[PDB]
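Participant: this one's experimental. Sequence and coordinates below.
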Amino acid sequence: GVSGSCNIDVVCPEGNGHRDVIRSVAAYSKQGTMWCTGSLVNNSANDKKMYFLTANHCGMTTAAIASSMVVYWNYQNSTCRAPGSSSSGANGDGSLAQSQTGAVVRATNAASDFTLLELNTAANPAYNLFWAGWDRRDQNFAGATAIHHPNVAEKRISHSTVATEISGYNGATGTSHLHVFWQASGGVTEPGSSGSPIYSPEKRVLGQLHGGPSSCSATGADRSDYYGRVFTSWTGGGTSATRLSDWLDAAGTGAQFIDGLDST
Amino acid sequence: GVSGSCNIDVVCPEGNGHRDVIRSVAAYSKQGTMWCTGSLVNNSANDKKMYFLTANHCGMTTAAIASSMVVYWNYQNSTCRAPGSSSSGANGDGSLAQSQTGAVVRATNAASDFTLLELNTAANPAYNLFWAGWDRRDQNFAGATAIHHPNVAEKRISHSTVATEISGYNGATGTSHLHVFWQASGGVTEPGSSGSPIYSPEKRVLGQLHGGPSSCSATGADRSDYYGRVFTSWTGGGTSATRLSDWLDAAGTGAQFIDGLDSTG
Ligand SMILES: *C[C@@](*)(O)[C@H](CCCCN)NS(=O)(=O)c1ccc(C)cc1
Ligand SMILES: *C[C@@](*)(O)[C@H](CCCCN)NS(=O)(=O)c1ccc(C)cc1
Ligand SMILES: [Ca+2]
Ligand SMILES: [Ca+2]
Ligand SMILES: [Cl-]
Ligand SMILES: [Cl-]
């Protein structure tokens, strides 16, 4: 696929500290059309349930739509194309051969733009998946990392090396979103990246991409994005079908944050 | 309620040409909290069905939430506060006494950020409602008018006097949205305005507010917004639960645009 040249192929050295959670992120189609990003999340039972977090606005919100979605793992460029280069802006060489079809909707809620699906098919060990940890604490972090499929193209990584802020969407009054500021010439996010995770420095999901002003041409404060917070989605709309808590902590261990779980 | 001072009270002279469709627009609450804007739309049978168009992102998409929503009619400042004035930015004197409760979801689709509800309670003639026309044709217009409840506060009007553009949301590649550019010192839209209609110069709904960069301090290209298009929502997700066509033209007359219907007719 094709995305903005300023983006950074996950295989680049910028991915050296994220070789586990890179394997949590997938691209997916909706009714046959490549559509959005999501990612695999661990739960407090460490049981490999195929909980797959994405964005409500992507519309994977009905049993019918979830039933026909196709999830594509390990879709990324084989080599590190120099960020900013014509090559990086060109069609990549990623494979879409490792896929699975079908899911059910466990929960969804508009306010933090989240959807939690459970994929029908158990993880194929051959795909070498990773179930990422999460952190639902009410706090900002000193930096963060996005792993995402911009334009639903090959997987990219984008780093933020400044503090997050808590706000509503687009900086409105609120606490539903984490506002993440990208580096002046670093990777950003694009339509198609929605639903992609933002990770804390300890590699725990804090939220998933809703949207924002960033693009490769964006400058200043516009080079930033908003993620619907796990903190907010945890309690969500106050029912099991509108929040994360019943799924990510079904046993009720009271975990405020957990680590990831590897296929191995 | 309180909203940005650059906004324009509907009772101002700026509303002189919209005294009908002003009466289509309402504010509503979600699980008790003032939440978003919607508006009443006519259908090809001219039968006063309480079809109420709003935004999918407002989350009025489940039976439970639709059942407990409260819709507030005729919530506006009694006098024209000068746009840009401290008065305009202050709490208004609108009333929330004329309301009704409950609806069902007829259709919703994320791509054009639309939800079509049908309110449970038939129109109260005393409320003096108007069911706006609509226009599903695939085209831009030379200008447009928004009527909305910014911050779910008193009703305001915002005029665009330049051409609309067709794009995806936030100017992305696509045709799902109408991009509307506001006047340098004119009214804008704000969170809470979502779901509010954009009207063609002929006062027909073309779409409902999704979002965008505008605010009272926004400048140039940022002083603009994106509306999910009726044209797009008409066909929607290809089923009656994901599109407008089955509801707004149940009879299958083939209407490409219709005019409004007043309470007095
Ligand atoms: C849906 C997501 O892929 C995008 C991500 C944009 C990232 C830009 N830096 N979100 S969105 O805001 O563009 C959006 C929201 C709602 C709908 C219906 C479409 C697109
Ligand atoms: C939901 C709407 O009230 C707002 C309107 C903002 C208009 C700014 N000029 N839309 S939004 O884009 O800010 C938005 C979208 C999704 C969610 C969950 C919240 C807010
Ligand atoms: Ca508010
Ligand atoms: Ca039908
Ligand atoms: Cl695309
Ligand atoms: Cl949205």
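Facilitator: Perfect, thanks for sending it. Numbering: from 1, shown residues only, chains lettered A, B, ... in the order given. Ligands and ions are numbered 1, 2, ... in the order given.
Participant: let me see the domain layout of chain A.
Facilitator: A:1-24+A:134-231, A:25-131+A:233-263 (curated CATH domains).
Participant: now do the strands in the stretch 101-250 of chain A.
Facilitator: A:103-109, A:114-119, A:130-131, A:133-135, A:144-148, A:156-160, A:165-167, A:177-181, A:197-199, A:204-211, A:224-229 (DSSP state E, counting those that start in this stretch).
Participant: how about the residue sitting furthest away from the middle of chain A, what does it touch?
Facilitator: Distance from the C-alpha centroid of chain A, by CA atoms, centre = their mean, peaks at residue A:86 (25.9 Å). Listed by CB atoms under 8 Å, 6 or more residues apart in numbering or on different chains, the contact set of residue A:86 reads residue A:5. Any C-beta I mention is one placed from the backbone N, CA and C, and that applies to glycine too.
Participant: I'd guess it is in a strand, am I close?
Facilitator: No - counting by DSSP: H, G, I helix; E, B strand; the rest coil, residue A:86 is not part of a strand but coil.
Participant: gap between it and ligand 6?
Facilitator: 32 Å (CB to the ion, to the nearest Å).
Participant: then residue A:63?
Facilitator: Going from residue A:63 to ligand 6 by CB to the ion gives 22 Å.
Participant: for residue B:200, see how far away that residue is.
Facilitator: With the distance defined as CB to CB, to the nearest Å, residue A:63 ends up 37 Å from residue B:200.
Participant: what lines up beside whichever strand or helix holds residue A:35 in the sheet?
Facilitator: In this assignment (DSSP states H and E), residue A:35 forms part of strand A:33-40. With DSSP bridges as the test, strand A:33-40 is paired with strand A:25-30 (antiparallel), strand A:51-55 (antiparallel).
Participant: so can I have TSV of the strands of the stretch 101-250 of chain A showing distance to ligand 2?
Facilitator: Below are these laid out as TSV (distance: least, CB to the nearest ligand atom, whole Å):
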stretch	distance to ligand 2
strand A:103-109	9
strand A:114-119	10
strand A:130-131	27
strand A:133-135	20
strand A:144-148	19
strand A:156-160	22
strand A:165-167	11
strand A:177-181	9
strand A:197-199	16
strand A:204-211	7
strand A:224-229	8
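Participant: can you pull the contacts of residue A:49?
Facilitator: Taking CB under 8 Å, 6+ apart as the test, what residue A:49 contacts is A:43, A:118.
Participant: tell me the SS of the residue of chain A found nearest ligand 6?
Facilitator: Ligand 6 sits closest to residue A:57 of chain A, with a gap of 4.5 Å, by CB to the ion. Three-state assignment for residue A:57 (three-state DSSP): helix.
Participant: number of residues surrounding the closest residue to ligand 1 within the stretch 51-200 of chain A?
Facilitator: Here the residue of the stretch 51-200 of chain A nearest ligand 1 is residue A:194; by CB to the nearest ligand atom that distance is 2.4 Å. Neighbours of residue A:194 under the rule other CB atoms under 10 Å in any protein chain shown: 27.
Participant: likewise for the one 5 residues further on?
Facilitator: Residue A:199 is surrounded by 27 other residues when neighbours are defined as other CB under 10 Å.
Participant: look up the closest residue to the most centrally placed residue in chain A, ignoring the ones flanking it.
Facilitator: Nearest to the geometric centre of chain A sits residue A:196, at 2.0 Å (CA atoms, centre = their mean). Spatial nearest neighbour of residue A:196, chain neighbours left out: residue A:148 (3.3 Å); criterion: CB to CB, 6 or more residues apart in numbering or on different chains.
Participant: so what's that neighbour bridging to?
Facilitator: Going by DSSP bridges, residue A:148 forms beta bridges with residue A:156.
Participant: roughly how far apart are the residue nearest to residue A:1 when sequence neighbours are not counted and chain B?
Facilitator: In space, and not counting its chain neighbours, residue A:1 is closest to residue A:153: 2.7 Å by CB to CB, 6+ apart. From residue A:153 over to chain B the distance is 13 Å, taken as CB to the nearest CB, to the nearest Å.
Participant: show the contacting residues for residue A:153.
Facilitator: Applying CB under 8 Å, 6+ apart, we find residue A:153 in contact with A:1, A:2, A:3, A:27, A:92, A:94, A:192.
Participant: show me the contacts for the fifth one.
Facilitator: Okay, so that is residue A:92. Contacts of residue A:92 (CB under 8 Å, 6+ apart): A:1, A:2, A:9, A:76, A:77, A:81, A:153, A:154.
Participant: repeat that with 10 Å
Facilitator: By CB atoms under 10 Å, 6 or more residues apart in numbering or on different chains, the contact set of residue A:92 is A:1-3, A:9, A:75-79, A:81, A:153-156.
Participant: any of the residues you listed buried? List them.
Facilitator: For the contacts of residue A:92, a burial check counting by 16 or more other CB atoms under 10 Å in any protein chain shown picks out A:1, A:3, A:9, A:75, A:76, A:77, A:81, A:153, A:154, A:155, A:156.
Participant: most widely separated two among those residues?
Facilitator: The most widely separated members of the buried ones among the contacts of residue A:92 are A:75 and A:81, with 14.7 Å between them, by CB to CB.
Participant: break down the stretch 151-264 of chain A into its helices, ranges please.
Facilitator: A:230-235, A:245-248 (DSSP state H, counting those that start in this stretch).
Participant: packing partners of the shortest one?
Facilitator: Contacting helix A:245-248 under the criterion 3 or more CB pairs under 10 Å, 6 or more residues apart in numbering or on different chains; DSSP states H and E are the following elements: strand A:51-55, strand A:103-109, strand A:114-119, helix A:230-235.
Participant: okay, these in JSON lines with mean neighbour count next?
Facilitator: Below are those laid out as JSON lines (neighbours: other CB atoms under 10 Å in any protein chain shown):
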{"stretch": "strand A:51-55", "mean neighbour count": "27"}
{"stretch": "strand A:103-109", "mean neighbour count": "22"}
{"stretch": "strand A:114-119", "mean neighbour count": "25"}
{"stretch": "helix A:230-235", "mean neighbour count": "23"}
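Participant: give the burial count for the closest residue to ligand 2 within the stretch 51-200 of chain A, as a bare number.
Facilitator: Among the residues of the stretch 51-200 of chain A, residue A:169 lies closest to ligand 2, at 4.3 Å counting by CB to the nearest ligand atom. Look at residue A:169: counted by other CB under 10 Å, it has 21 neighbours.
Participant: go on, the one 3 residues further on?
Facilitator: The number of residues packed near residue A:172 is 16, by other CB under 10 Å.
Participant: before we move on, back to that, so can I have a markdown table of the strands of the stretch 101-250 of chain A showing distance to ligand 6?
Facilitator: Below are the strands of the stretch 101-250 of chain A laid out as a markdown table (distance: least, CB to the ion, whole Å):
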| stretch | distance to ligand 6 |
| --- | --- |
| strand A:103-109 | 13 |
| strand A:114-119 | 12 |
| strand A:130-131 | 27 |
| strand A:133-135 | 22 |
| strand A:144-148 | 17 |
| strand A:156-160 | 20 |
| strand A:165-167 | 15 |
| strand A:177-181 | 11 |
| strand A:197-199 | 17 |
| strand A:204-211 | 6 |
| strand A:224-229 | 10 |
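Participant: for chain B, what's the nearest residue on the stretch 101-250 of chain A?
Facilitator: Nearest to chain B in the stretch 101-250 of chain A, going by CB to the nearest CB, is residue A:110, at a distance of 3.6 Å.
Participant: not counting sequence-adjacent ones, nearest residue to that residue?
Facilitator: residue B:59 (3.6 Å).
Participant: what about that neighbour, distance to ligand 4?
Facilitator: Noted for residue B:59: a distance of 25 Å to ligand 4, by CB to the ion.
Participant: correct me if wrong: residue A:42 contacts residue A:203.
Facilitator: No - the pair residue A:42 / residue A:203 is not scored as a contact, 11.1 Å apart, by CB atoms under 10 Å.
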